[PDB]
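Below: query-v1.cif (mmCIF, C-alpha atoms and all ligand atoms; chains and numbers go by the auth columns)
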```
data_protein
loop_
_atom_site.group_PDB
_atom_site.id
_atom_site.type_symbol
_atom_site.label_atom_id
_atom_site.label_comp_id
_atom_site.label_asym_id
_atom_site.label_seq_id
_atom_site.Cartn_x
_atom_site.Cartn_y
_atom_site.Cartn_z
_atom_site.B_iso_or_equiv
_atom_site.auth_seq_id
_atom_site.auth_asym_id
ATOM 1 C CA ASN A 1 23.072 -19.550 -3.789 0.00 1 A
ATOM 2 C CA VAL A 2 19.643 -21.062 -3.082 0.00 2 A
ATOM 3 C CA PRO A 3 17.446 -20.035 -1.302 0.00 3 A
ATOM 4 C CA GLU A 4 19.330 -16.863 -0.343 0.00 4 A
ATOM 5 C CA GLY A 5 19.115 -15.515 -3.897 0.00 5 A
ATOM 6 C CA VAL A 6 15.350 -16.079 -4.104 0.00 6 A
ATOM 7 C CA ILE A 7 14.788 -14.514 -0.709 0.00 7 A
ATOM 8 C CA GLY A 8 16.875 -11.524 -1.782 0.00 8 A
ATOM 9 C CA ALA A 9 14.943 -11.186 -5.027 0.00 9 A
ATOM 10 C CA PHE A 10 11.672 -11.033 -3.105 0.00 10 A
ATOM 11 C CA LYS A 11 13.136 -8.585 -0.566 0.00 11 A
ATOM 12 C CA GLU A 12 14.056 -6.303 -3.461 0.00 12 A
ATOM 13 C CA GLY A 13 10.969 -6.923 -5.605 0.00 13 A
ATOM 14 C CA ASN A 14 13.264 -7.870 -8.455 0.00 14 A
ATOM 15 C CA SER A 15 11.934 -10.341 -11.021 0.00 15 A
ATOM 16 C CA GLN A 16 15.126 -10.232 -13.085 0.00 16 A
ATOM 17 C CA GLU A 17 17.107 -11.548 -10.116 0.00 17 A
ATOM 18 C CA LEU A 18 14.357 -14.073 -9.369 0.00 18 A
ATOM 19 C CA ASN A 19 14.650 -15.349 -12.929 0.00 19 A
ATOM 20 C CA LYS A 20 18.004 -16.855 -12.296 0.00 20 A
ATOM 21 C CA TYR A 21 16.319 -19.281 -9.994 0.00 21 A
ATOM 22 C CA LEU A 22 13.187 -20.134 -11.972 0.00 22 A
ATOM 23 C CA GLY A 23 12.629 -23.604 -13.433 0.00 23 A
ATOM 24 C CA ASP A 24 11.798 -23.980 -17.094 0.00 24 A
ATOM 25 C CA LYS A 25 8.162 -24.502 -16.101 0.00 25 A
ATOM 26 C CA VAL A 26 6.691 -22.758 -13.065 0.00 26 A
ATOM 27 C CA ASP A 27 3.263 -23.045 -11.545 0.00 27 A
ATOM 28 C CA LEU A 28 2.114 -19.682 -10.262 0.00 28 A
ATOM 29 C CA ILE A 29 -0.896 -19.227 -8.020 0.00 29 A
ATOM 30 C CA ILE A 30 -1.331 -15.531 -7.302 0.00 30 A
ATOM 31 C CA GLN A 31 -4.528 -14.406 -5.602 0.00 31 A
ATOM 32 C CA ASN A 32 -6.063 -17.732 -6.601 0.00 32 A
ATOM 33 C CA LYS A 33 -5.193 -17.236 -10.267 0.00 33 A
ATOM 34 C CA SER A 34 -3.292 -20.312 -11.418 0.00 34 A
ATOM 35 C CA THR A 35 -0.939 -20.472 -14.396 0.00 35 A
ATOM 36 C CA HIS A 36 1.435 -23.145 -15.674 0.00 36 A
ATOM 37 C CA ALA A 37 4.045 -20.871 -17.126 0.00 37 A
ATOM 38 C CA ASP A 38 7.281 -21.222 -19.029 0.00 38 A
ATOM 39 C CA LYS A 39 10.241 -19.394 -17.494 0.00 39 A
ATOM 40 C CA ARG A 40 9.795 -16.274 -19.621 0.00 40 A
ATOM 41 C CA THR A 41 6.110 -15.915 -18.780 0.00 41 A
ATOM 42 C CA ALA A 42 6.807 -16.582 -15.113 0.00 42 A
ATOM 43 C CA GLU A 43 9.369 -13.779 -14.994 0.00 43 A
ATOM 44 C CA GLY A 44 6.893 -11.481 -16.745 0.00 44 A
ATOM 45 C CA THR A 45 4.136 -12.338 -14.306 0.00 45 A
ATOM 46 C CA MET A 46 6.450 -11.689 -11.338 0.00 46 A
ATOM 47 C CA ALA A 47 7.623 -8.405 -12.907 0.00 47 A
ATOM 48 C CA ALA A 48 4.004 -7.269 -13.112 0.00 48 A
ATOM 49 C CA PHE A 49 3.357 -8.420 -9.555 0.00 49 A
ATOM 50 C CA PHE A 50 6.308 -6.488 -8.129 0.00 50 A
ATOM 51 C CA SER A 51 5.415 -3.418 -10.198 0.00 51 A
ATOM 52 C CA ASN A 52 1.882 -3.429 -8.773 0.00 52 A
ATOM 53 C CA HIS A 53 2.985 -4.297 -5.185 0.00 53 A
ATOM 54 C CA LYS A 54 6.025 -2.263 -4.123 0.00 54 A
ATOM 55 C CA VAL A 55 7.903 -4.488 -1.717 0.00 55 A
ATOM 56 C CA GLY A 56 8.769 -3.168 1.735 0.00 56 A
ATOM 57 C CA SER A 57 10.007 -6.398 3.314 0.00 57 A
ATOM 58 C CA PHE A 58 10.140 -10.167 2.960 0.00 58 A
ATOM 59 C CA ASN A 59 10.646 -12.300 6.030 0.00 59 A
ATOM 60 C CA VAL A 60 10.968 -16.060 5.945 0.00 60 A
ATOM 61 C CA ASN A 61 9.585 -18.183 8.790 0.00 61 A
ATOM 62 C CA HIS A 62 10.116 -21.746 7.524 0.00 62 A
ATOM 63 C CA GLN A 63 12.420 -23.276 4.963 0.00 63 A
ATOM 64 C CA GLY A 64 13.977 -26.624 4.287 0.00 64 A
ATOM 65 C CA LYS A 65 15.300 -29.032 1.719 0.00 65 A
ATOM 66 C CA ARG A 66 15.823 -32.665 0.981 0.00 66 A
ATOM 67 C CA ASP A 67 17.932 -34.110 -1.809 0.00 67 A
ATOM 68 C CA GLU A 68 15.354 -33.501 -4.563 0.00 68 A
ATOM 69 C CA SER A 69 13.118 -30.688 -3.303 0.00 69 A
ATOM 70 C CA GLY A 70 12.844 -27.744 -0.949 0.00 70 A
ATOM 71 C CA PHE A 71 10.591 -24.948 0.229 0.00 71 A
ATOM 72 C CA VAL A 72 10.584 -21.357 1.520 0.00 72 A
ATOM 73 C CA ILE A 73 7.592 -19.815 3.329 0.00 73 A
ATOM 74 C CA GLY A 74 7.397 -16.189 4.336 0.00 74 A
ATOM 75 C CA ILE A 75 5.508 -12.934 4.541 0.00 75 A
ATOM 76 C CA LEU A 76 5.813 -10.229 1.895 0.00 76 A
ATOM 77 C CA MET A 77 4.845 -6.747 3.012 0.00 77 A
ATOM 78 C CA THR A 78 4.099 -4.290 0.223 0.00 78 A
ATOM 79 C CA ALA A 79 2.622 -0.862 -0.420 0.00 79 A
ATOM 80 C CA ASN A 80 -0.436 -2.655 -1.898 0.00 80 A
ATOM 81 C CA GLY A 81 -1.178 -5.513 0.512 0.00 81 A
ATOM 82 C CA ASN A 82 0.649 -8.115 2.545 0.00 82 A
ATOM 83 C CA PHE A 83 0.997 -11.645 1.213 0.00 83 A
ATOM 84 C CA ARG A 84 1.975 -15.097 2.292 0.00 84 A
ATOM 85 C CA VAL A 85 4.475 -16.527 -0.153 0.00 85 A
ATOM 86 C CA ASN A 86 5.321 -20.170 -0.690 0.00 86 A
ATOM 87 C CA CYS A 87 8.180 -21.128 -2.994 0.00 87 A
ATOM 88 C CA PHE A 88 8.627 -24.811 -3.809 0.00 88 A
ATOM 89 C CA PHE A 89 11.855 -26.024 -5.372 0.00 89 A
ATOM 90 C CA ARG A 90 12.835 -29.101 -7.334 0.00 90 A
ATOM 91 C CA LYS A 91 16.389 -30.256 -8.029 0.00 91 A
ATOM 92 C CA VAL A 92 17.167 -30.163 -11.762 0.00 92 A
ATOM 93 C CA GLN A 93 20.680 -30.712 -13.135 0.00 93 A
ATOM 94 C CA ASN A 94 22.045 -30.601 -9.580 0.00 94 A
ATOM 95 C CA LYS A 95 20.540 -27.164 -8.840 0.00 95 A
ATOM 96 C CA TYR A 96 17.451 -26.251 -6.861 0.00 96 A
ATOM 97 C CA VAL A 97 15.038 -24.302 -9.062 0.00 97 A
ATOM 98 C CA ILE A 98 11.621 -22.879 -8.411 0.00 98 A
ATOM 99 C CA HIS A 99 8.777 -25.075 -9.593 0.00 99 A
ATOM 100 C CA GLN A 100 5.849 -23.343 -7.814 0.00 100 A
ATOM 101 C CA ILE A 101 5.161 -19.907 -6.355 0.00 101 A
ATOM 102 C CA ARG A 102 2.002 -19.281 -4.347 0.00 102 A
ATOM 103 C CA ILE A 103 1.163 -15.742 -3.264 0.00 103 A
ATOM 104 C CA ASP A 104 -1.925 -15.139 -1.148 0.00 104 A
ATOM 105 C CA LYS A 105 -3.113 -11.881 0.333 0.00 105 A
ATOM 106 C CA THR A 106 -3.434 -11.755 4.087 0.00 106 A
ATOM 107 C CA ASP A 107 -6.729 -11.035 5.827 0.00 107 A
ATOM 108 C CA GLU A 108 -6.079 -7.394 6.674 0.00 108 A
HETATM 109 CL CL CL B . 2.968 -19.518 -20.845 0.00 201 A
HETATM 110 CL CL CL B . -0.401 -8.339 -10.568 0.00 202 A
HETATM 111 CL CL CL B . 14.377 -13.684 6.136 0.00 203 A
HETATM 112 CL CL CL B . 14.688 -11.094 7.007 0.00 204 A
#
```

Turn this file's structure into structure tokens for me.
Amino acid sequence: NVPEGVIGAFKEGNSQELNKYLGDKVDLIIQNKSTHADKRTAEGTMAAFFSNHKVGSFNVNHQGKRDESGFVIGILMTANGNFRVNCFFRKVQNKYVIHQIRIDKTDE
């Protein structure tokens, strides 16, 4: 169910759903703050992000995958800013999991 499940999790601002797709180690870069997080910390960071930025919409404009990696790029509109989101996936145990999330506020 990748990347549909991740896209849905962002659309709903739901870190618990996102969790299901997180790798055991995730690099987060959120407003230029970088963290190399275990899964539990990554979910916690995303929970805080969604709590502080109530999601209105998430729309993807480019996605793709090869045998061992993939990506999703889109725009997240929230009640506290709009953000470009990049999710980069790696294949682990035959499943695509998130290895990096970048979130960067738009210039508006
Ligand atoms: Cl950590
Ligand atoms: Cl935050
Ligand atoms: Cl979409
Ligand atoms: Cl959409």

(message) Using only C-alpha atoms, can you tell me which of A:25, A:39, A:62, A:20 comes closest to residue 95 in chain A?
(response)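 With only C-alpha atoms as the atom set, the closest residue is A:20.
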
(request) Can you tell me which residues come within 6 Å of ligand CL 201 (chain A) when counting all atoms listed in the file, ideally as an NGL selection string? (result) :A and (37-38 or 41)

Would you give me, as a tab-separated table, each residue of chain A having an atom within 8 Å of an atom of ligand CL 203 (chain A), along with its shortest atom pair and that distance in Å to one decimal, using all atoms listed in the file and sorting by chain and residue number?
```
residue	atom	partner	partner_atom	distance
A:7	CA	A:CL203	CL	6.9
A:58	CA	A:CL203	CL	6.4
A:59	CA	A:CL203	CL	4.0
A:60	CA	A:CL203	CL	4.2
A:61	CA	A:CL203	CL	7.1
A:74	CA	A:CL203	CL	7.6
```

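Counting all atoms listed in the file and comparing A:14, A:45, A:106, A:94, the residue that lies closest to ligand CL 202 (chain A) is A:45.
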
(message) Since I can't run it myself right now, could you work out what the PyMOL selection byres (((chain A and resi 2) around 12) and not hetatm) selects here and report it as a PyMOL selection string?
(response) chain A and resi 1+3-9+18+20-22+63-65+69-72+87-91+94-98

(message) Can you spell out as a ChimeraX atom specification the set of residues that the PyMOL selection byres (((chain A and resi 46-49) around 10) and not hetatm) selects in the structure I just provided?
(response) /A:10,13-16,18-19,28,30,41-45,50-55,101,103

(message) Using Å and a single decimal, report how far CA of residue 12 in chain A sits from CA of residue 24 in chain A.
(response)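 Going from CA of residue 24 in chain A over to CA of residue 12 in chain A covers 22.4 Å.
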
(request) Return the single residue from A:66, A:26, A:17, A:73 that is closest to ligand CL 204 (chain A), with distances computed using only C-alpha atoms and all ligand atoms. (result)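 Ranking A:66, A:26, A:17, A:73 by distance to ligand CL 204 (chain A), first place goes to A:73.
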
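CA of residue 67 in chain A sits 26.0 Å away from CA of residue 11 in chain A.
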
(request) Would you please work out which residue, of A:34, A:57, A:68, A:99, is nearest to residue 84 in chain A when using only C-alpha atoms? (result)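 Checking each candidate against residue 84 in chain A, we get A:57 as the closest.
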
(message) Report, in Å to a single decimal, how far apart CA of residue 56 in chain A and CA of residue 78 in chain A are.
(response)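 Interatomic distance, CA of residue 78 in chain A to CA of residue 56 in chain A: 5.0 Å.
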
Can you report as JSON the centre and edge lengths in Å, to one decimal, of an axis-aligned box around the listed atoms of range 97-101 of chain A padded with 3 Å on each side?
```
{"center_x": 10.1, "center_y": -22.5, "center_z": -8.0, "size_x": 15.9, "size_y": 11.2, "size_z": 9.2}
```

(message) Counting all atoms listed in the file, which residue out of A:80, A:93, A:86, A:100 sits closest to residue 27 in chain A?
(response) A:100

(message) From the options A:75, A:29, A:92, A:85, which residue's atoms come nearest to ligand CL 204 (chain A), counting all atoms listed in the file?
(response) A:75

Could range 25-39 of chain A be completed with N, CA and C atoms and returned as a CSV table (one decimal), in the coordinates of the input?
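In the end it all went to result-v8.csv:
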```csv
chain,number,residue,atom,x,y,z
A,25,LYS,N,9.6,-24.6,-16.3
A,25,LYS,CA,8.2,-24.5,-16.1
A,25,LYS,C,7.9,-24.2,-14.6
A,26,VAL,N,7.0,-23.2,-14.4
A,26,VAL,CA,6.7,-22.8,-13.1
A,26,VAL,C,5.2,-22.6,-12.9
A,27,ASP,N,4.7,-23.3,-11.9
A,27,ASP,CA,3.3,-23.0,-11.5
A,27,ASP,C,3.2,-21.8,-10.6
A,28,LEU,N,2.4,-20.9,-11.1
A,28,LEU,CA,2.1,-19.7,-10.3
A,28,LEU,C,0.7,-19.7,-9.8
A,29,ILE,N,0.5,-19.4,-8.5
A,29,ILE,CA,-0.9,-19.2,-8.0
A,29,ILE,C,-0.9,-17.9,-7.2
A,30,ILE,N,-1.4,-16.9,-7.8
A,30,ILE,CA,-1.3,-15.5,-7.3
A,30,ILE,C,-2.7,-15.0,-7.1
A,31,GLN,N,-3.1,-14.8,-5.9
A,31,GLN,CA,-4.5,-14.4,-5.6
A,31,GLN,C,-5.5,-15.4,-6.2
A,32,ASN,N,-5.2,-16.7,-6.1
A,32,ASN,CA,-6.1,-17.7,-6.6
A,32,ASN,C,-6.2,-17.8,-8.1
A,33,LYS,N,-5.3,-17.1,-8.8
A,33,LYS,CA,-5.2,-17.2,-10.3
A,33,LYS,C,-4.0,-18.1,-10.6
A,34,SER,N,-4.3,-19.3,-11.2
A,34,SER,CA,-3.3,-20.3,-11.4
A,34,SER,C,-2.8,-20.3,-12.9
A,35,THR,N,-1.5,-20.4,-13.1
A,35,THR,CA,-0.9,-20.5,-14.4
A,35,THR,C,0.3,-21.4,-14.4
A,36,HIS,N,0.4,-22.2,-15.5
A,36,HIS,CA,1.4,-23.1,-15.7
A,36,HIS,C,2.3,-22.5,-16.7
A,37,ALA,N,3.3,-21.8,-16.3
A,37,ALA,CA,4.0,-20.9,-17.1
A,37,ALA,C,5.4,-21.4,-17.5
A,38,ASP,N,5.9,-21.0,-18.7
A,38,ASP,CA,7.3,-21.2,-19.0
A,38,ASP,C,8.1,-20.1,-18.3
A,39,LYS,N,9.4,-20.3,-18.3
A,39,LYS,CA,10.2,-19.4,-17.5
A,39,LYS,C,10.0,-17.9,-17.9
```
